[PDB]
Amino acid sequence: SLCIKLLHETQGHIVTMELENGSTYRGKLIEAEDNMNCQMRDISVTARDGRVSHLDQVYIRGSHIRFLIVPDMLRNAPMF
Amino acid sequence: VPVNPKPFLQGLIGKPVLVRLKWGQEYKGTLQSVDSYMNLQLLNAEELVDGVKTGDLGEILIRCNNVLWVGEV
Amino acid sequence: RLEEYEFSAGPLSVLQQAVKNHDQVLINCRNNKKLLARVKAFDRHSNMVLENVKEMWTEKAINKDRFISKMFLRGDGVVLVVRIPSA
Amino acid sequence: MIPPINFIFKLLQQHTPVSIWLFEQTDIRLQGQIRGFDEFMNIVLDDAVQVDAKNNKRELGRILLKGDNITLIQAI
Amino acid sequence: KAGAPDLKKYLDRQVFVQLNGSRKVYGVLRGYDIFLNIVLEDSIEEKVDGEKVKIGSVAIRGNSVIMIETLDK
Amino acid sequence: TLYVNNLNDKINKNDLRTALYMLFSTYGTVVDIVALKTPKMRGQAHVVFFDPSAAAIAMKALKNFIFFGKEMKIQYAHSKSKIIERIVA
Amino acid sequence: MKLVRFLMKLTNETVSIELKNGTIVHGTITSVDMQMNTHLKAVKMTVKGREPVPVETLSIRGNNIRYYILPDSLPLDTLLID
Amino acid sequence: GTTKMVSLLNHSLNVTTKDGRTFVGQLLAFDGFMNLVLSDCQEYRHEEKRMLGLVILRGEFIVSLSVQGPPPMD
Amino acid sequence: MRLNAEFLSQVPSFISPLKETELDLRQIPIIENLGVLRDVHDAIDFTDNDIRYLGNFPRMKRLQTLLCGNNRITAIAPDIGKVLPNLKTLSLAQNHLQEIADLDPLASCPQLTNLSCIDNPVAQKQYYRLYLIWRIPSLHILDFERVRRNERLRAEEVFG
RNA sequence: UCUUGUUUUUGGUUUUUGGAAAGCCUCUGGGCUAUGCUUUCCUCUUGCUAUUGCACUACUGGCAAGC
């Protein structure tokens, strides 16, 4: 499915996302999954409060993701 | 010596049993049948809410999603 | 294969028993709004087609009732079924 | 290394006392020894005890839990 | 289905997990699952107070997990 | 693309861009606006038009136009905008 | 061997749908899927705590559907047969 | 099936989510889980707006779908 | 070149630079048949046309920005809020509004926050700015200048 | 031939807001119910002034006050 391949293609770029938690995470993406796991670095979190933090490495569960936000050049990518 | 969930519910059938839900409520009553999903069935059941009887209903089935507990009275 | 086996013996048999007996049923829902009616047909997920339904639900305490002719209920919303006979 | 179901298999043989936490309820916990289990992570506890933040130790008996509600399984 | 996740690089290293109910745990990563069930040793709570209680070997459920971090690079 | 400087940097970024779009729409379609509040880039903006004649007209007619209190200074940009380069080739 | 198959017959009639979200939706049904995903035509949907707003082509993520309140003219006995 | 869903492709859509938020933009890619990909997206939390860009939503998060405008020639 | 359904259907449609859905309608004389846009746009660009009156709109709940540059607007319709409830930005640069009283219908647009009337004869009328501020208090930015408190008070004296 | 058992479609429920403690105001019914206000806990608007810089953006001056 294409909604997963687009994700894999944004590996390397910087990504924003939203979780069921309520907070949004921003950082370079290293690995993804068909599950929608993620592996990121130099993350800059921002919760409901506005509280910023730093997280060196992170793993996620897709189930916990609401939605992603992806770079702009990833709209000319091929959809097979 | 191991006691597994199917064998446990295959031996629990008939006797008095109390089972909770995810929302606090706990119902007592004897057990008639058990599906492969657990998915309980009860007869002559009295609903104990916060350790207090509310309404005697009788014949019952509970969807297997809400079941938190299974044990005995 | 094994689905045929459980409909006769298991928990779900008492609806098949009741619905064939032309029986009424009390259903406790996940919406906190109980359903009182007579059933037409059911399924393995507890997807039930109800007829002549009447709800009972508190407010801010005020109880309110409404009659509905035909109603397909998705089994997810159901949490507890009470299969009460007239006899 | 140690996989997760092989770790739980050790808790059956040793008959070790294990406290179980719930999914969306920190106020409640459980206790007891492990007789058996299955593929879907349902558990048959023996001499299980209901504990709280108040430390209100309430007894139950031999019970069974659904695998959907667990979070932590911890030795002693 | 059942994509066995990429947790090989975290094995036998310290972690800072987060779980449902805003509760979090430190531990050495022993083993992982298809569904992301985890085995942690030298498990220490991080209470809302900040009071850190030592527990030991622990099996965290997969569903619960929100995320998994690394303390030291 | 025209380069604007001497802009009141107290306006929030999204409001600045929306007023810029509004003001400059009178001369032709504005394709995009690049404006940042970094130390380096604050008080500036790049306004990109589909048509070149539109950019020239904008430049001559709005030179020193009072915008949010200050007279804006407009000039042709040094380089071609990335969006223009992609739209051309 | 599913009650879902009966809903594929249902097409064309109007229904007031309730969801887990707590909304209410009057509109004609066009198509119904095996995964419950229904598409509607000429719709008047109202959100929990807002005014009713008319939409042309509504479609719903089946997961969210609590119940269909069917019209009173529809014969059940005929539809329950394969 | 999914015959209807291909028909929506490349239309500006109004998507309500479980949170209440409503995303808007064209539809580029679609899934069996109802994962939607959307181009040039805006949320409307409610007298509010935000610009995101390319957004990939899950199936869990989505509630309803509704066409804003016809398919663009651009 | 009537503004027709057919005209609207072949019109450039895109996401603009401020991230809104905009329809490009840049010699229309009369605003009509907007029904066919189906309320799918956040912005509508009517610049460089020959429209005389800002009127004739269907109920359009989406429409938040109206760019109406270089037309011949000499009058504003009276029921505008009833067809455009969330109208937040109105750009009327280089049109034909001549009397302060002709700007009166804008008082009924409750969400109107960005208003531009430059290059209109009305601009040179004595007290034009204060008149707009008192009669259309919902405006926060007028002619790309911040409506300030002191102007509001001054407009409260005159016209009180 | 199957498709309700942890990452989507047969639900773990719900999102300035919610809950708790007395007082005041308004509405309804014959001292009850609902709402707001008042106390505690968990970027925006005023002034002022800094920066004149050729870009592709989580965000973007600093100081004081208000929320």
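Method information in the entry identifies cryo-EM as the source of the structure, with 3.6 Å recorded as the resolution.

## Structural notes on the side chain of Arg 66 of chain G
For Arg 66 of chain G, the position within the fold is in strand β6 (residues 65-70). Among the polar contacts made by the side chain of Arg 66 of chain G, one reaches the side chain of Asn 31 of chain C at a distance of 3.4 Å. When residues no more than four places from it in sequence are discounted, the contact partners of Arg 66 of chain G are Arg 30, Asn 31, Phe 72, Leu 73, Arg 74 and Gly 77 of chain C together with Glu 18, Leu 19 and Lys 20 of chain G.

## With respect to the sheet that holds strand β6 (residues 73-76) of chain F
Residues and elements named next belong to chain F. With antiparallel pairing, four strands are arranged side by side in an open sheet as β2-β3-β1-β6. Each of the sheet's edge strands pairs with one partner strand only, and the pair in question is β2 (30-34) and β6. Mean inter-strand twist for the sheet, computed between neighbouring axes without regard to direction, equals 25°. Where β2 meets strand β3 (residues 45-49), four bridges bridge the pair, whose relative direction is antiparallel. Paired with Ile 33 across the strands is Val 47, a residue of β3. Those strands touched by helix α1 (residues 13-25) are β2, β3 and β6, and its axis lies near 145° from that of β2.

## Overview of the packing of aromatic side chains
Note on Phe 67 of chain A and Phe 23 of chain H: the rings are 5.1 Å apart at their centroids and 70° apart in plane angle, and the pair reads as edge-to-face. Of this pair, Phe 67 of chain A sits in strand β5 (residues 65-70) while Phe 23 of chain H sits in strand β2 (residues 22-30), which puts the two residues in different chains. Geometrically, the ring pair formed by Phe 16 of chain E and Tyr 26 of chain E is stacked, given 4.8 Å between the ring centres and 10° between the ring planes. Of this pair, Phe 16 of chain E sits in strand β1 (residues 14-19) while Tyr 26 of chain E sits in strand β2 (residues 23-32); the two residues are 10 residues apart in sequence, bridging distant segments of the chain. Of the aromatic side chains, those joined through ring pairs into one cluster are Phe 67 of chain A together with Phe 23 and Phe 61 of chain H.

## With respect to the interface of chain D and chain E
Opposite the 22 residues of chain D that make contact, chain E presents 20 residues. The element contributing the most residues to the side of chain D that touches chain E is strand β6 (residues 70-75) of chain D, with six residues. Sheet topology places β6 of chain D next to strand β4 (residues 54-60) of chain E; three bridges connect them, and they run antiparallel. Bridging across to β4 of chain E, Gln 74 of chain D finds its partner in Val 58 of chain E.

What counts, and at which threshold
Residues numbered from 1 in each chain as written, not as in the entry; some residues may be left out. Chains lettered and ligands numbered in written order. Part of a larger assembly, values for the part shown. Heavy atoms only, no water. Residues with missing side-chain atoms left out of burial classes, pairs and counts. Helix = DSSP H or I, 4+ residues; strand = E, 2+ residues; numbered from the N terminus. Polar contact = N/O pair within 3.5 Å; in protein donor to acceptor, adjacent residues only side chain to side chain. Contact = heavy atoms within 4.5 Å. Pairing = 2+ DSSP bridges. Axes fitted to C-alpha atoms, helices over the stretch in contact; angles between N-to-C directions. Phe/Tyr/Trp six-rings, centres within 6.5 Å; stacked < 30°, edge-to-face > 60°.

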